[PDB]
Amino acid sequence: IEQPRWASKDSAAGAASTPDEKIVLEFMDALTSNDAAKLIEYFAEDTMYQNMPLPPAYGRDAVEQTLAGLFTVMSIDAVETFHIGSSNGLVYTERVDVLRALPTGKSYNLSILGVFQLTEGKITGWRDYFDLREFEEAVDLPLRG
């Protein structure tokens, strides 16, 4: 993971400054588990998850099944969060996820900006924004196609 020119070099960049930000960075560390059953414990029952290029999942079961599917085709090898911030119940993370496509063995560093809504320390929404095509082309996996 190379540090972007535009990324803060400040010691507190990417560091949690509130309880919700702390939970979100714990969740980022947990992504490299590639384990949907572990991850789903961060979510509220009334919840949703969406990789924005693709349809959303609503409710905890749909979220879990979506993560389990994703982890059947790819591994999150590494996550680095350059920037984190929050206001009014929403946490934002500017990061890179290093993804490896299991069918092809090829990896790509995916640039993501994501938003997390937490209610009493549980995730009520998680939406990640990124370009899907560039990932698909890098790793020869037509996730949507």
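Throughout, we count residues from 1 along the sequence that is shown.
As the entry records it, the average C-alpha temperature factor is higher for 57 to 65, out of 108 to 116 and 57 to 65. Stretches compared: 94 to 102, 32 to 40. Higher mean C-alpha B-factor in the entry: 32 to 40.
In this PDB entry, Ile123 carries a Cα temperature factor that places it within the middle third of its chain's modelled residues.
Among all modelled residues in its chain, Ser87 ranks in the highest third by Cα B-factor. Ranked by Cα temperature factor within the chain, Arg133 sits in the lowest third according to the deposited record. Among all modelled residues in this chain, the alpha-carbon of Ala16 has a temperature factor (C-alpha) in the highest third.
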